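Participant: Got final.txt for you, compact mmCIF, C-alpha atoms and all ligand atoms:
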# COMPACT_ATOMS: atom_id res chain seq x y z
CA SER A 939 131.05 105.97 -12.74
CA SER A 940 129.38 102.54 -12.92
CA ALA A 944 123.57 106.70 -19.72
CA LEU A 945 125.01 109.10 -22.29
CA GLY A 946 123.15 107.40 -25.10
CA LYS A 947 121.88 110.63 -26.63
CA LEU A 948 125.42 111.89 -27.17
CA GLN A 949 126.58 108.44 -28.21
CA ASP A 950 123.74 108.22 -30.72
CA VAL A 951 124.69 111.53 -32.30
CA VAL A 952 128.42 110.77 -32.43
CA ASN A 953 127.50 107.49 -34.14
CA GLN A 954 124.93 108.51 -36.76
CA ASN A 955 127.57 110.72 -38.38
CA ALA A 956 130.19 107.96 -38.55
CA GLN A 957 127.72 105.52 -40.12
CA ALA A 958 126.97 108.10 -42.80
CA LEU A 959 130.60 108.96 -43.51
CA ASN A 960 131.39 105.27 -43.92
CA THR A 961 128.52 104.73 -46.34
CA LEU A 962 129.85 107.65 -48.38
CA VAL A 963 133.29 106.07 -48.80
CA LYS A 964 131.94 102.56 -49.37
CA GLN A 965 130.18 103.89 -52.47
CA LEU A 966 133.50 104.60 -54.20
CA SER A 967 133.60 100.89 -54.99
CA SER A 968 130.38 100.34 -56.90
CA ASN A 969 130.08 100.15 -60.67
CA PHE A 970 126.61 101.64 -61.15
CA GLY A 971 126.62 99.71 -64.42
CA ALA A 972 130.17 100.05 -65.67
CA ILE A 973 133.03 97.68 -66.35
CA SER A 974 134.89 98.51 -63.14
CA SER A 975 135.05 100.99 -60.26
CA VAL A 976 138.52 102.32 -61.10
CA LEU A 977 139.20 105.12 -63.56
CA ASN A 978 142.67 103.71 -64.20
CA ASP A 979 140.93 100.57 -65.48
CA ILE A 980 138.41 102.38 -67.66
CA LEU A 981 140.84 105.11 -68.69
CA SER A 982 144.01 103.16 -69.42
CA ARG A 983 141.85 100.60 -71.22
CA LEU A 984 139.78 102.63 -73.65
CA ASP A 985 139.65 105.63 -75.99
CA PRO A 986 138.44 109.04 -74.86
CA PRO A 987 135.57 108.54 -77.31
CA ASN B 544 152.19 96.00 -62.92
CA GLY B 545 148.75 97.48 -63.50
CA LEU B 546 148.05 99.35 -60.26
CA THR B 547 148.13 103.03 -61.21
CA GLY B 548 148.27 105.57 -58.40
CA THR B 549 149.83 108.56 -56.65
CA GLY B 550 151.36 109.00 -53.24
CA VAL B 551 154.30 108.54 -50.93
CA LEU B 552 155.79 105.03 -50.75
CA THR B 553 157.19 103.76 -47.47
CA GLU B 554 158.81 100.60 -46.12
CA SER B 555 156.19 98.39 -44.52
CA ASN B 556 156.08 95.96 -41.64
CA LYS B 557 152.87 94.09 -42.54
CA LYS B 558 153.52 90.40 -43.19
CA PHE B 559 151.92 89.95 -46.61
CA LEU B 560 151.13 86.23 -46.57
CA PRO B 561 153.16 84.44 -49.24
CA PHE B 562 150.32 84.70 -51.77
CA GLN B 563 148.83 88.14 -51.13
CA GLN B 564 149.40 90.50 -54.05
CA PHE B 565 148.29 93.72 -52.22
CA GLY B 566 146.69 95.35 -49.05
CA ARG B 567 142.92 96.24 -48.96
CA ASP B 568 141.58 98.97 -46.51
CA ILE B 569 137.99 99.29 -45.15
CA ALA B 570 136.09 101.51 -47.61
CA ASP B 571 138.21 99.77 -50.25
CA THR B 572 141.25 101.90 -51.11
CA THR B 573 144.65 100.47 -52.05
CA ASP B 574 147.04 101.12 -49.19
CA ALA B 575 149.85 98.59 -49.61
CA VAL B 576 151.61 96.96 -52.56
CA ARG B 577 154.29 94.36 -53.12
CA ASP B 578 157.19 95.19 -55.41
CA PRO B 579 157.27 92.53 -58.14
CA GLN B 580 161.05 92.41 -58.50
CA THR B 581 162.24 92.43 -54.88
CA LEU B 582 158.93 91.19 -53.32
CA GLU B 583 158.72 93.62 -50.40
CA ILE B 584 155.62 95.27 -49.00
CA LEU B 585 155.35 99.05 -49.22
CA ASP B 586 152.65 101.29 -47.78
CA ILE B 587 151.09 103.97 -49.94
CA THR B 588 150.38 107.09 -47.90
CA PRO B 589 148.38 109.84 -49.62
CA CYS B 590 149.94 113.10 -50.80
CA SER B 591 149.04 116.33 -49.03
CA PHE B 592 145.77 118.05 -49.89
CA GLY B 593 143.53 120.58 -48.16
CA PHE C 347 145.54 76.37 -89.10
CA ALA C 348 142.63 74.54 -87.53
CA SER C 349 139.13 74.08 -88.80
CA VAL C 350 136.46 76.06 -87.04
CA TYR C 351 134.42 73.33 -85.33
CA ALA C 352 137.49 72.02 -83.51
CA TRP C 353 139.16 75.36 -83.10
CA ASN C 354 142.64 75.69 -81.74
CA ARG C 355 143.32 77.30 -78.38
CA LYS C 356 146.78 78.37 -77.25
CA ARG C 357 147.50 79.71 -73.77
CA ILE C 358 150.39 82.16 -73.48
CA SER C 359 152.47 82.55 -70.32
CA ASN C 360 155.23 84.82 -68.96
CA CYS C 361 156.68 86.72 -71.89
CA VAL C 362 157.16 90.19 -73.36
CA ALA C 363 154.34 90.74 -75.85
CA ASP C 364 154.46 93.94 -77.89
CA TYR C 365 150.99 94.53 -79.25
CA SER C 366 151.88 97.48 -81.47
CA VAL C 367 154.40 95.37 -83.38
CA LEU C 368 151.65 92.80 -83.88
CA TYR C 369 149.38 95.62 -85.04
CA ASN C 370 151.47 96.60 -88.05
CA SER C 371 152.48 93.25 -89.50
CA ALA C 372 150.73 94.87 -92.48
CA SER C 373 148.47 92.31 -94.08
CA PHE C 374 145.29 92.21 -92.02
CA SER C 375 141.69 92.73 -92.97
CA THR C 376 140.02 93.10 -89.56
CA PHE C 377 141.67 94.30 -86.36
CA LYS C 378 138.86 95.13 -83.98
CA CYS C 379 138.76 95.16 -80.21
CA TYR C 380 136.05 96.05 -77.78
CA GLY C 381 137.45 96.09 -74.28
CA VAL C 382 140.48 98.21 -75.01
CA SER C 383 142.35 100.10 -77.68
CA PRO C 384 145.32 98.10 -78.99
CA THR C 385 147.96 100.77 -78.47
CA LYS C 386 147.04 101.15 -74.81
CA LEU C 387 147.64 97.42 -74.30
CA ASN C 388 151.38 98.07 -74.52
CA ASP C 389 151.42 99.16 -70.88
CA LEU C 390 149.13 96.71 -69.06
CA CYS C 391 149.79 93.27 -67.64
CA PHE C 392 147.71 90.13 -67.29
CA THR C 393 147.62 86.66 -65.78
CA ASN C 394 146.72 84.57 -68.82
CA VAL C 395 146.13 85.18 -72.53
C1 LIG D 1001 162.44 88.81 -61.32
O1 LIG D 1001 163.84 88.89 -61.34
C2 LIG D 1001 164.41 89.33 -60.10
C3 LIG D 1001 165.89 89.46 -60.35
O2 LIG D 1001 166.15 90.02 -61.62
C4 LIG D 1001 164.07 88.34 -58.99
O3 LIG D 1001 164.59 88.84 -57.76
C5 LIG D 1001 165.13 87.79 -56.94
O4 LIG D 1001 164.23 87.45 -55.87
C6 LIG D 1001 164.71 86.42 -54.98
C7 LIG D 1001 163.63 86.18 -53.96
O5 LIG D 1001 163.10 84.87 -54.05
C8 LIG D 1001 166.04 86.84 -54.36
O6 LIG D 1001 166.54 85.79 -53.54
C9 LIG D 1001 167.04 87.17 -55.46
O7 LIG D 1001 168.26 87.62 -54.89
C10 LIG D 1001 166.47 88.25 -56.37
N1 LIG D 1001 167.41 88.58 -57.42
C11 LIG D 1001 167.93 89.81 -57.56
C12 LIG D 1001 168.91 89.98 -58.69
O8 LIG D 1001 167.61 90.73 -56.82
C13 LIG D 1001 162.56 88.17 -58.91
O9 LIG D 1001 162.24 87.16 -57.96
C14 LIG D 1001 162.00 87.80 -60.28
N2 LIG D 1001 160.55 87.71 -60.23
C15 LIG D 1001 159.90 86.63 -59.78
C16 LIG D 1001 158.41 86.71 -59.80
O10 LIG D 1001 160.49 85.64 -59.36
Could you take the file, read its structure, and then write that structure out as structure tokens?

Facilitator:
Amino acid sequence: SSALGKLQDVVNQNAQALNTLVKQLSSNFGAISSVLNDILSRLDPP
Amino acid sequence: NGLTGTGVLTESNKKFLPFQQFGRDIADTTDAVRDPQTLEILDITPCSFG
Amino acid sequence: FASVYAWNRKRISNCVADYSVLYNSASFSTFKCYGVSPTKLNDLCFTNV
């Protein structure tokens, strides 16, 4: 009432990984943008 | 005016500072816009998937 | 027009620019763009040209 770090640790590790997964949807990896509506509606399918 | 997307549009209550074009959410997804003509903020909730 | 070493530079502002109508003024000899196809530019919007 005044120690559950194992449980806390587990509950956390998973959130830190799920956030890193979403934060990758905004990297270019060597492209002109991160949005398909900027690469699509701005170029030819070729 | 350039922002292409899909979803449900809803009346907002977020005070978009007179100079903020849109709303940015952690993990970087568009979640609010401002209508160019009437200049009101609208939230963009995602359609239903599963 | 201008000479090349002191080349002109216009800045366009708020307007309705139809790029496809510019595309077929029917006398050109090079119409080449890299960032974007010209016909797809008829549904974008910018801040300064
Ligand atoms: C584009 O035009 C519309 C009207 O055609 C403008 O809307 C006006 O917005 C002001 C807000 O400052 C209102 O007080 C007016 O009543 C609106 N007019 C109408 C007819 O609704 C709009 O502001 C214009 N775009 C910009 C960027 O100014």

Participant: How far is it from CA of residue 361 (chain C) to CA of residue 393 (chain C), in Å with one decimal?

Facilitator: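 According to the coordinates, CA of residue 361 (chain C) and CA of residue 393 (chain C) are separated by 10.9 Å.
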
Participant: Could you pull the residues within 9 Å of residue 967 (chain A), counting only C-alpha atoms, minus those fewer than 4 positions along the same chain, as a list in words?

Facilitator: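 Returned residues: residues 963, 974, 975 and 976 of chain A; 570, 571 and 572 of chain B.
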
Participant: Using all atoms listed in the file and a cut-off of 12 Å, which residues of chain B sit close to chain A? Please list them as a list in words.

Facilitator: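 Close enough to count are residues 545, 546, 547, 548, 549, 568, 569, 570, 571, 572 and 573 of chain B.
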
Participant: Build an axis-aligned box that encloses every atom of ligand LIG 1001 (chain D) listed in the file, pad it by 5 Å on each side, and report its centre and edge lengths in Å to one decimal, as JSON.

Facilitator:
{"center_x": 163.7, "center_y": 87.8, "center_z": -57.6, "size_x": 20.5, "size_y": 15.9, "size_z": 18.1}

Participant: List all protein, DNA and RNA residues that have any atom at most 9 Å from ligand LIG 1001 (chain D), counting only C-alpha atoms and all ligand atoms, and write the list as a VMD selection string.

Facilitator: chain B and resid 579 to 582

Participant: Quote the spacing between CA of residue 559 (chain B) and CA of residue 360 (chain C) in Å to one decimal place.

Facilitator: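 Here the two named atoms are 23.2 Å from each other.
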
Participant: Calculate how many Å separate CA of residue 365 (chain C) from CA of residue 395 (chain C), rounding to one decimal.

Facilitator: 12.5 Å

Participant: Would you pick out the contacts of residue 550 (chain B) at 9 Å or less, using all atoms listed in the file, so that residues sharing its chain but fewer than 2 positions from it are not included, and give the list as a ChimeraX atom specification?

Facilitator: /B:548,552,587-591

Participant: For C-alpha atoms, I'd like the residues from the last selection saved as a PDB file, in the coordinates of the input.

Facilitator:
ATOM      1  CA  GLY B 548     148.270 105.570 -58.400  1.00  0.00           C
ATOM      2  CA  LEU B 552     155.790 105.030 -50.750  1.00  0.00           C
ATOM      3  CA  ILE B 587     151.090 103.970 -49.940  1.00  0.00           C
ATOM      4  CA  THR B 588     150.380 107.090 -47.900  1.00  0.00           C
ATOM      5  CA  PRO B 589     148.380 109.840 -49.620  1.00  0.00           C
ATOM      6  CA  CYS B 590     149.940 113.100 -50.800  1.00  0.00           C
ATOM      7  CA  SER B 591     149.040 116.330 -49.030  1.00  0.00           C
TER       8      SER B 591
END

Participant: Could you make a table, as CSV, of the residues of chain A that have an atom within 8 Å of an atom of chain C, each with its nearest atom pair and distance in Å to one decimal, counting all atoms listed in the file, in chain and number order?

Facilitator:
residue,atom,partner,partner_atom,distance
A:982,CA,C:386,CA,6.5
A:983,CA,C:382,CA,4.7
A:984,CA,C:382,CA,4.7
A:985,CA,C:383,CA,6.4

Participant: Extract chain C from the coordinates I pasted, and write it as a compact mmCIF listing (two decimals), in the first residue's frame (atoms kept: C-alpha atoms).

Facilitator:
# COMPACT_ATOMS: atom_id res chain seq x y z
CA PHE C 347 12.77 37.99 -72.88
CA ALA C 348 15.84 38.27 -70.71
CA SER C 349 19.38 37.27 -71.44
CA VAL C 350 20.64 34.22 -69.63
CA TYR C 351 23.29 35.68 -67.31
CA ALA C 352 20.77 38.06 -65.75
CA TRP C 353 17.83 35.74 -66.02
CA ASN C 354 14.34 36.86 -65.18
CA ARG C 355 12.47 35.48 -62.19
CA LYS C 356 8.75 35.93 -61.67
CA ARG C 357 6.93 34.80 -58.53
CA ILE C 358 3.28 33.82 -58.96
CA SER C 359 0.71 34.15 -56.18
CA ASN C 360 -2.93 33.21 -55.51
CA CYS C 361 -4.50 32.33 -58.83
CA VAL C 362 -6.11 29.51 -60.81
CA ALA C 363 -3.38 27.96 -62.96
CA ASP C 364 -4.46 25.27 -65.42
CA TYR C 365 -1.36 23.33 -66.38
CA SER C 366 -2.99 21.21 -69.08
CA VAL C 367 -4.03 24.32 -70.99
CA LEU C 368 -0.42 25.48 -70.78
CA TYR C 369 0.64 22.05 -72.00
CA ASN C 370 -1.10 22.26 -75.37
CA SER C 371 -0.36 25.81 -76.47
CA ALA C 372 1.06 23.80 -79.39
CA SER C 373 4.42 25.24 -80.32
CA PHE C 374 6.93 23.82 -77.86
CA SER C 375 10.10 21.86 -78.39
CA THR C 376 10.84 20.58 -74.87
CA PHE C 377 8.31 20.00 -72.11
CA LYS C 378 10.05 17.89 -69.52
CA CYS C 379 9.47 17.56 -65.81
CA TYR C 380 11.09 15.43 -63.19
CA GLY C 381 9.21 15.76 -59.94
CA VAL C 382 5.75 15.21 -61.34
CA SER C 383 3.76 14.49 -64.46
CA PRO C 384 2.17 17.66 -65.87
CA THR C 385 -1.38 16.36 -66.06
CA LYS C 386 -1.36 15.38 -62.40
CA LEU C 387 -0.44 18.95 -61.48
CA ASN C 388 -4.01 20.00 -62.26
CA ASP C 389 -5.14 18.79 -58.84
CA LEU C 390 -2.40 19.89 -56.43
CA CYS C 391 -1.81 23.18 -54.65
CA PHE C 392 1.29 25.08 -53.61
CA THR C 393 2.54 28.06 -51.65
CA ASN C 394 4.74 29.75 -54.23
CA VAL C 395 5.67 29.21 -57.87
